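Below is one structure; the comments refer to it alone.
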Amino acid sequence: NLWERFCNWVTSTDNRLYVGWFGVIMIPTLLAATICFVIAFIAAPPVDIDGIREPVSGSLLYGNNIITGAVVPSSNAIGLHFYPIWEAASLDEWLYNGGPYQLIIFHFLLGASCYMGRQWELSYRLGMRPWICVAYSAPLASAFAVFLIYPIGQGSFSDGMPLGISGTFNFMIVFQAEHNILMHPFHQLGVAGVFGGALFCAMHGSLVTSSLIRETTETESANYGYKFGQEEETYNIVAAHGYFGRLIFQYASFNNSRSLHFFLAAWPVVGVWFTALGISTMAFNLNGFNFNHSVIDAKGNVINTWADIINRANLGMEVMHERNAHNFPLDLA
Amino acid sequence: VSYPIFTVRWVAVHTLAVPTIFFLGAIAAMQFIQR
Amino acid sequence: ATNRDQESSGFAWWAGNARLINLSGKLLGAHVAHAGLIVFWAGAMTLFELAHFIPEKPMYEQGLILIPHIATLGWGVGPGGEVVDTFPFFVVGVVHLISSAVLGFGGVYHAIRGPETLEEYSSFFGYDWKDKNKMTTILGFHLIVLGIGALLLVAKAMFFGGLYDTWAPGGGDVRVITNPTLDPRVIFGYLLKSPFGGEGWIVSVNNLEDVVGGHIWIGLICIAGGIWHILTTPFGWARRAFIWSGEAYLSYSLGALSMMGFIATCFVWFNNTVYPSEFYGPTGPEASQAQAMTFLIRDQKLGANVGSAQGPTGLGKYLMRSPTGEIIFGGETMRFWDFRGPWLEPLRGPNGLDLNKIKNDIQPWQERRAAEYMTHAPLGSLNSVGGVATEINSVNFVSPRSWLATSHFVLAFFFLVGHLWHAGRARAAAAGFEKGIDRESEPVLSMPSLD
Amino acid sequence: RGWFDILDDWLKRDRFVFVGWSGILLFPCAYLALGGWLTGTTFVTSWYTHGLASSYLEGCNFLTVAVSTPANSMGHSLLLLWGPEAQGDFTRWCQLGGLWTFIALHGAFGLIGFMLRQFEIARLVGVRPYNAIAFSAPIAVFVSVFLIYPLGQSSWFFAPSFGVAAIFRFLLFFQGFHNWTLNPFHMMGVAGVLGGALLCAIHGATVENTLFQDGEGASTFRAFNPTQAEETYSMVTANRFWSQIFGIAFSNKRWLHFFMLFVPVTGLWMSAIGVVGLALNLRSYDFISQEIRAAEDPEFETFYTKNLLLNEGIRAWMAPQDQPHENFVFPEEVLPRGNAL
Amino acid sequence: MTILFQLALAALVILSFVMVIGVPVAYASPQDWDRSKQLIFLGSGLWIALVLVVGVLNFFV
Amino acid sequence: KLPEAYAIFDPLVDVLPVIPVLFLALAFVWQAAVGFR
Amino acid sequence: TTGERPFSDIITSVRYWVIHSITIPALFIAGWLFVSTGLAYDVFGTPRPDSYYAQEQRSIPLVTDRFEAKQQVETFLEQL
Amino acid sequence: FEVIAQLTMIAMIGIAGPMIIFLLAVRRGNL
Amino acid sequence: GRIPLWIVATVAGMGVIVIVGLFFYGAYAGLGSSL
Ligand code: CLA
Ligand code: CLA
Ligand code: CLA
Ligand code: CLA
Ligand code: CLA
Ligand SMILES: CC1=C(/C=C/C(C)=C/C=C/C(C)=C/C=C/C=C(C)/C=C/C=C(C)/C=C/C2=C(C)CCCC2(C)C)C(C)(C)CCC1
Ligand SMILES: CC1=C(/C=C/C(C)=C/C=C/C(C)=C/C=C/C=C(C)/C=C/C=C(C)/C=C/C2=C(C)CCCC2(C)C)C(C)(C)CCC1
Ligand SMILES: CC1=C(/C=C/C(C)=C/C=C/C(C)=C/C=C/C=C(C)/C=C/C=C(C)/C=C/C2=C(C)CCCC2(C)C)C(C)(C)CCC1
Ligand SMILES: CC1=C(/C=C/C(C)=C/C=C/C(C)=C/C=C/C=C(C)/C=C/C=C(C)/C=C/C2=C(C)CCCC2(C)C)C(C)(C)CCC1
Ligand code: OEX
Ligand SMILES: [Cl-]
Ligand SMILES: [Cl-]
Ligand SMILES: [Fe+2]
């Protein structure tokens with residue numbers, strides 16, 4: 001049976017890269033998104049992102065470098081309308097209105113969801129515990145928040161994050177202008193997540209490296225003291241625990257390697273979950289804390305705080321962003 | 001048994017805890033200040 | 001203490017509810033007590049909202065998420081969403097509170113006093129997760145109950161007073177639905193619509209006839225499926241496709257609930273039919289369109305020609321064309337040209353917005369509605385300061401659409417995470433490696449090298 | 001045996017809190033830095049240095065309290081309590097921003113004391129001192145941001161104030177005036193921090209999901225004993241999983257954990273170098289080719305030019321209140337604005 | 001009879017508090033389960049009767 | 001507002017919604033009473 | 001395991017609470033009275049809500065000189 | 001006066017929970 | 001003479017909850033309330 005042989009090949013763990021059924025979806029979508037991204041980043045013509053006939057050039061051939069180049073989001077006139085190639089009268093019209101962005105982000109989001117499913121699938125085929133995909137759900141939720149959920153809440157894929165470095169910075173600055181994300185607790189939890197993730201990464205790495213058991217001489221690298229597949233632990237967990245328990249106090253230190261590695265998984269994953277949820281909840285315009293004119297003296301004069309200085313910076317960004325796109329006093333979306 | 005009382009741990013605990021409770025009382029009083 | 005520690009159960013305290021997996025009586029107690037919690041929140045929150053309710057002020061200015069649900073059903077409201085009697089709100093709240101006392105009594109009784117396992121007490125109420133017939137029978141009972149609930153919504157719409165209709169002629173009013181759409185073409189064409197802009201899938205249902213007909217179909221389909229699962233055993237393909245265990249069934253429900261939470265978020269954000277703007281406030285698209293309408297009216301009263309006015313970029317300042325040719329509002333609200341609202345449709349002709357009806361047929365109630373919806377846009381801070389993030393502290397407003405959409409996106413995402421967690425764990429536990437790799441029989445050691 | 005040796009024995013005694021020789025530097029300085037911050041954010045205003053309320057006593061919350069930097073007219077004065085500005089008066093010292101320099105200097109010497117504590121405990125316990133070497137990167141960040149950056153600028157005023165919203169102001173200032181996102185050293189810092197968070201999450205999840213079954217409990221944390229000799233998880237299974245999912249995988253545990261050390265430390269050091277450059281206003285503000293093209297061609301727009309317009313808005317709208325010593329009076333007509341809004 | 005209705009509702013609140021504390025205590029203390037069974041049965045009956053009385057008196061006040 | 005005959009019970013209504021949150025907290029109290037076994 | 005009495009042994013004892021039911025409320029009341037008697041304003045120089053501005057001024061009192069800053073703040077306070 | 005009634009109501013509810021736990025602990029109940 | 005540790009933990013957590021709720025109450029009242 002050809003179908004049985006195909007099923008055996010798809011689910012085979014002997015392939016150099018595992019495919020699986022999630023990979024059967026993942027490989028074509030990510031290949032399409034990757035090829036279209038490379039082509040658009042090099043050679044796409046300028047895109048009228050704001051829908052006001054003001055095309056923004058994001059490709060290398062139209063005057064960009066690596067830093068300033070981007071795949072520009074689709075037109076504000078399109079909004080949330082589905083804009084495939086066959087909906088356009090020609091490829092010139094599709095390129096003018098930012099169709100490549102919609103193609104890339106839709107294929108990428110599908111392929112990355114199937115990447116998460118593929119991680120589960122391979123863990124199941126290898127007899128592993130299944131929750132690496134749960135850890136990967138945090139950056140995937142972040143990608144969904146900036147590419148899909150924020151355009152949905154704001155009503156246009158033009159407000160999605162551009163596929164570029166300076167476009168990303170533009171997204172960040174305009175987002176702070178419109179939503180005050182720095183004062184949002186979910187973004188603060190995300191900063192705690194990534195700062196703590198970097199801290200605990202450096203901490204765990206330095207504590208394991210500090211307690212490596214002497215297996216080599218002074219000339220060779222210490223990494224040759226570990227052999228792949230060896231049964232014994234390559235470092236002294238008790239010595240690292242003794243060091244770190246004397247560094248703070250005994251009960252702030254993990255003596256359990258499993259609890260420590262669960263904490264290493266859990267802290268940045270939960271923090272990034274919260275910051276992705278912050279982006280989505282601000283997509284429905286539930287913004288960060290507003291303390292403008294909160295402190296008032298006895299007469300009634302406004303006493304400024306640091307929040308008022310942040311408000312001045314946000315006002316500068318707000319009045320300069322998309323400088324020709326607004327006709328009315330309130331930036332309602 | 002025969003544990004001591006005034007150790008280094010006692011000093012560290014109280015140098016953190018005594019001003020903490022004092023400051024908490026101060027801020028709790030601040031909550032009832034009008035313009 | 002039966003199964004109430006880690007040594008006997010294998011689960012720590014932080015996974016202590018997993019000790020209830022094979023204890024049907026205590027698990028039933030946990031479920032009934034939790035249902036009592038849900039009903040308690042419904043009743044207590046309704047009474048809390050009613051105690052601070054100012055009936056002349058709009059509902060969406062008062063932080064209400066439950067009174068708008070009762071008002072949409074037609075209880076306590078008149079024309080234009082005006083509250084005429086707060087007593088149905090009180091009745092709903094107190095009946096939920098008392099029923100929650102009853103459910104809490106039952107949950108506590110089955111949790112700590114009743115038999116730990118129901119199998120010895122009753123073959124009917126006892127169950128085993130591996131018995132697929134019993135699982136389908138319980139699913140069939142619950143499907144019949146859900147179908148009866150959908151028919152109860154239909155009965156409210158058709159016989160017991162009707163529903164609030166924001167599209168009723170002459171402003172929104174409570175209307176009895178006498179001709180529900182029973183045509184399967186319309187109902188399942190809603191089911192087959194695109195989810196993208198201008199189509200909106202099932203979120204785009206814009207009349208109560210379609211809502212009531214869809215609930216007639218949903219109730220009949222749920223009752224038929226309930227009878228089907230009571231009378232039939234799962235087939236061979238279903239038996240080979242699923243994991244048959246309690247955690248597996250939980251993970252399936254978690255995925256379903258995550259999808260429903262995402263759909264409810266989109267429903268409350270975009271739909272102004274089953275979430276009337278009289279109660280929930282304007283949608284985001286509605287408020288942007290309202291701002292464009294407001295300044296078109298103001299400048300037309302000053303003598304401007306709104307059809308020939310040219311914005312900074314050369315597009316029309318007030319009126320432009322959608323990519324398919326429709327005459328739409330200009331500015332950034334060009335993204336929201338698929339918005340339909342009862343205050344805007346009188347100005348729409350076959351080719352979109354009509355210049356003559358704009359010039360001559362804009363009523364004062366439409367100008368009032370546009371100004372009100374422009375100044376109550378669903379934008380605000382976490383500490384409930386109305387407006388954009390750069391606004392000062394004077395307006396205490398966050399739209400209930402914002403609260404509902406944000407809260408249910410958070411819940412839907414976390415339930416997707418829970419679905420992934422429990423689906424992976426159910427698969428690993430069915431295959432037998434959820435506790436880790438066997439040292440003696442590690443599978444990768446029996447596999448050839450990749451290179 | 002000698003008073004030095006007896007004092008050494010007492011300092012290195014096993015305790016709940018280790019003291020050591022480094023404790024003499026660490027505990028007073030760290031305690032005074034933390035106490036100065038709590039005291040300043042609870043009781044001390046910024047009304048005479050910035051024109052701001054910054055304490056709980058004035059009505060600020062946890063996000064908006066700060067110990068603010070001294071006034072720009074202080075220059076880089078150490079602002080000692082007995083110095084020529086305060087002249088021994090504690091109240092005037094608090095009103096002039098002396099708590100900021102108090103916290104900054106005591107925090108710097110406390111960070112020195114903590115790294116010396118890391119060295120001393122590593123020497124006593126008998127381990128390699130890689131934790132102190134890793135802690136060199138937070139020290140580099142603190143020295144570059146809180147000391148070197150204001151020293152390169154006109155005064156302590158442009159250093160970060162010790163507060164949440166004040167740090168947010170510092171971020172937005174660096175965007176508006178320095179275009180700090182465009183700086184490649186900050187980009188390397190971001191790569192290091194996000195890669196460290198990624199490595200932390202991925203290594204924790206990989207270890208937790210390649211565990212060996214060493215007990216019958218469905219919660220696996222009890223299946224580890226600290227004195228055990230065998231590895232608690234399967235490195236071979238983890239390697240095969242990541243080789244087939246991602247293409248590459250670690251095969252050396254020691255190299256993996258050194259890499260976990262290496263990524264965020266290197267990122268923080270690169271960002272500190274960029275902050276030194278910004279101390280001298282040596283910014284990566286602009287690309288000259290793009291600006292020549294945009295000056296000669298009014299149809300050429302990129303995301304970088306839009307970011308430059310946003311920076312102009314930040315500077316013009318922020319400067320009169322963020323820099324009150326300059327006495328900026330920007331009339332309404334000179335403020336750069338887009339249409340409407 | 002606003003005073004009578006308020007007395008009935010206050011009694012319902014007091015009895016609800018008493019039942020909220022006593023029902024788990026009686027259910028979880030197995031060495032009192034003769035008297036506490038009848039106390040719970042009487043309290044449940046009285047609570048239901050008070051709920052019905054409060055509803056009727058609401059319609060009369 | 002509530003119906004007038006219930007106005008004397010208005011403070012109690014004001015604290016009714018937070019009761020489910022306490023239930024979650026109650027679980028931890030109960031676990032602490034049994035030593036988190 | 002360091003020769004000190006365990007924290008759980010200490011905080012569950014009655015002598016601890018005999019001492020600390022006195023000391024903890026005394027410190028809390030001391031902080032409360034430190035604020036409510038207005039002493040914190042005197043100690044730290046923090047303005048009261050009626051002490052930010054004079055009655056008809058809107059200019060913020062900002063320190064503009066280094067070695068006369070103490071006198072400038074004193075002059076600000078003399079202007080109420 | 002209204003907030004005093006609110007605080008005493010929430011105090012009695014939030015003590016009623018731990019009161020149940022305390023009564024079951026002192027009576028050696030099945031807690 | 002042993003107060004149970006769960007009682008101490010419950011009372012301390014209730015005190016923390018009361019202090020935090022007081023701080024949020026003061027966020028809506030008096031200084032810093034924008035009123
Ligand atoms: C919706 C929340 C919810 C519900 C319904 C349950 C329900 C249950 N859990 Mg549980 N649990 C929860 C949350 C919840 N849990 C959380 C958040 C945690 C983490 C801390 C745990 C941790 C946990 C562990 C570790 C264990 C359970 C166990 C149990 C079961 C037996 C409990 C028992 O023996 O009581 C004993 C407790 C008491 C007798 C104290 C009194 C409790 C009563 C019910 C208080 C009622 C208060 C209320 C106001 C009364 C109203 C009455 C009125 C209507 C008349 C029970 C079905 C156990 C189990 O599986 O048993 C096999 C078990 O070992 N749970
Ligand atoms: C209908 C939904 C549902 C149901 C029935 C279950 C049922 C179960 N889950 Mg599960 N879960 C769900 C949704 C659900 N889950 C979701 C949505 C997620 C994603 C976050 C998870 C993630 C999850 C994990 C990671 C694990 C479980 C586990 C379990 C088992 C034991 C749970 C336990 O004792 O918790 C005890 C309860 C607690 C310890 C309390 C947790 C406190 C939460 C996280 C904070 C809540 C904050 C609150 C909402 C807001 C603030 C309140 C304020 C007072 C501070 C049990 C079978 C465990 C398992 O696999 O066992 C086999 C396990 O390890 N669940
Ligand atoms: C999910 C709900 C549910 C389920 C499946 C059960 C199941 C069971 N209960 Mg239980 N119970 C519940 C809720 C539930 N209970 C509640 C809420 C209470 C509080 C009132 C009780 C109080 C209770 C007691 C005191 C006892 C049981 C007993 C039993 C067992 C035998 C009952 C029997 O023979 O049928 C009897 C069937 C009936 C009396 C028919 C009732 C039909 C009702 C009134 C119609 C209601 C309409 C609709 C279905 C519900 C509307 C509410 C809805 C909107 C939520 C069985 C395991 C007994 C037991 O375990 O013995 C050892 C026992 O002594 N239960
Ligand atoms: C809560 C609702 C519920 C649940 C959990 C189940 C559960 C089950 N049903 Mg079932 N059923 C229900 C309601 C429900 N039923 C109702 C209301 C009816 C009446 C119409 C039926 C009629 C019914 C029949 C006739 C059969 C089942 C069967 C089954 C079993 C296999 C399910 C399966 O593999 O389908 C999973 C779904 C698929 C395999 C479909 C393919 C997946 C497509 C591609 C998904 C596309 C949808 C996508 C998400 C987009 C959504 C929008 C879309 C509508 C455009 C399972 C026990 C089977 C069985 O064994 O019964 C004995 C069977 O033959 N059901
Ligand atoms: C060991 C811990 C330690 C360290 C390293 C520091 C370090 C510092 N403190 Mg500090 N401090 C400490 C503990 C510490 N403190 C404690 C415990 C308190 C509470 C009492 C304070 C209270 C405090 C205040 C209130 C202030 C400082 C300040 C300072 C800074 C400037 C100090 C200065 O210029 O004098 C340097 C002095 C010496 C190095 C002493 C030299 C001694 C050697 C042995 C020479 C011998 C002298 C000789 C015997 C006497 C000569 C007699 C005659 C000829 C004069 C500096 C960073 C100031 C500050 O932060 O400014 C913003 C400030 O205002 N400190
Ligand atoms: C098992 C368990 C659990 C749980 C439990 C639960 C969850 C329960 C529930 C419960 C419930 C769920 C309950 C309820 C109750 C209720 C009540 C008791 C009520 C009553 C009512 C009333 C009394 C009313 C009144 C009134 C009216 C009439 C009107 C006006 C107003 C007022 C309010 C006055 C836990 C977690 C702890 C853990 C352990 C075990
Ligand atoms: C009420 C209403 C309505 C109606 C509605 C309806 C009529 C509905 C229906 C609906 C439906 C009718 C739905 C369905 C769904 C389905 C689903 C959701 C599915 C799922 C699936 C799954 C999950 C699968 C899975 C799988 C695969 C993938 C393969 C193999 C394996 C397994 C089996 C696992 C309307 C809108 C008109 C209006 C409004 C109101
Ligand atoms: C500067 C100065 C000084 C010093 C002083 C001091 C050293 C002080 C201290 C102070 C202190 C030492 C204070 C403390 C404070 C504390 C507080 C105020 C606390 C708070 C807390 C809280 C509020 C909590 C929270 C939390 C978290 C964090 C998370 C979870 C949840 C909870 C809620 C638990 C002297 C005279 C020497 C010299 C001159 C200058
Ligand atoms: C409707 C109503 C009612 C009802 C009520 C109820 C149903 C209640 C319940 C209640 C409850 C149910 C309560 C509870 C509470 C609780 C609490 C208040 C707790 C807290 C907690 C804490 C504080 C914790 C702590 C801890 C532990 C112990 C361990 C770990 C650590 C920590 C520290 C976290 C009555 C009858 C009045 C009448 C009228 C109306
Ligand atoms: O597109 Mn992108 O950013 Ca959201 O706000 Mn409206 O639209 Mn436009 O302005 Mn602002
Ligand atoms: Cl922009
Ligand atoms: Cl506009
Ligand atoms: Fe590790």
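Chain letters run A, B, ... following the sequence lines, proteins first and then strands; every chain starts at 1. Just so you know, these numbers use all the heavy atoms, side chains as well, and skip hydrogens, waters and symmetry mates.
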Using a 4.5 angstrom heavy-atom cutoff, name the option from [options] with the most pairs to chain D.
options: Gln119(A), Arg323(A), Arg258(A); value: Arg258(A)
options: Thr13(A), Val269(A), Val238(A); value: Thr13(A)
options: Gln188(A), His241(A), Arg125(A), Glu121(A); value: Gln188(A)
options: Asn314(A), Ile173(A), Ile248(A), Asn324(A); value: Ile173(A)
options: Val194(A), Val134(A), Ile237(A); value: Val194(A)
options: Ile310(A), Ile132(A), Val295(A), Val208(A); value: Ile132(A)

Task: Step-by-step ring-ring contact (aromatic ring centres under 6.0 Å, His included) determination, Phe254(A) to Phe263(A) - done: CA-CA 10 Å; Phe254(A) 293 92; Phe263(A) 180 77; 5.6 Å; yes
Proximity breakdown for [X] and chain D, heavy-atom pairs closer than 4.5 Å:
X: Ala313(A); value: both
X: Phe328(A); value: backbone
X: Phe289(A); value: side chain
X: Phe171(A); value: neither
X: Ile67(A); value: side chain
X: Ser294(A); value: neither
X: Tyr251(A); value: side chain
X: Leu260(A); value: neither
X: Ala239(A); value: both
X: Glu54(A); value: both
X: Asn180(A); value: neither
X: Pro162(A); value: side chain

What option among [options] has the most heavy-atom pairs under 4.5 Å with chain A?
options: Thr210(D), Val17(D), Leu63(D); value: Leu63(D)
options: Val125(D), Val65(D), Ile121(D); value: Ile121(D)
options: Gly267(D), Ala165(D), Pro320(D); value: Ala165(D)
options: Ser251(D), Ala134(D), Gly163(D); value: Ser251(D)

- [ ] Kindly determine whether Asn170(A) and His321(A) satisfy side chain to side chain donor-acceptor pair (under 3.5 Å), including the steps that lead there.
- [x] CA-CA 9 Å; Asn170(A) 185 260; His321(A) 87 296; over 6 Å; no
Is it true that [Y] and [X] share a donor-acceptor pair across their side chains at a distance under 3.5 Å?
X: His50(D); Y: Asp322(D); result: no
X: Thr234(A); Y: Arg254(D); result: yes
X: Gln290(D); Y: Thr68(A); result: yes
X: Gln244(D); Y: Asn15(A); result: no
X: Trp273(A); Y: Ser142(A); result: no
X: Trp306(A); Y: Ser54(D); result: no
X: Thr181(D); Y: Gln175(D); result: yes

- [ ] Using a strict cut-off of less than 4.0 Å between a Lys/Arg side-chain nitrogen and an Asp/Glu carboxylate oxygen, indicate whether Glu322(A) and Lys306(D) qualify as a salt bridge.
- [x] no
Toward chain A, the part of [X] with a non-hydrogen atom under 4.5 Å:
X: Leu309(D); answer: both
X: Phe262(D); answer: neither
X: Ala137(D); answer: neither

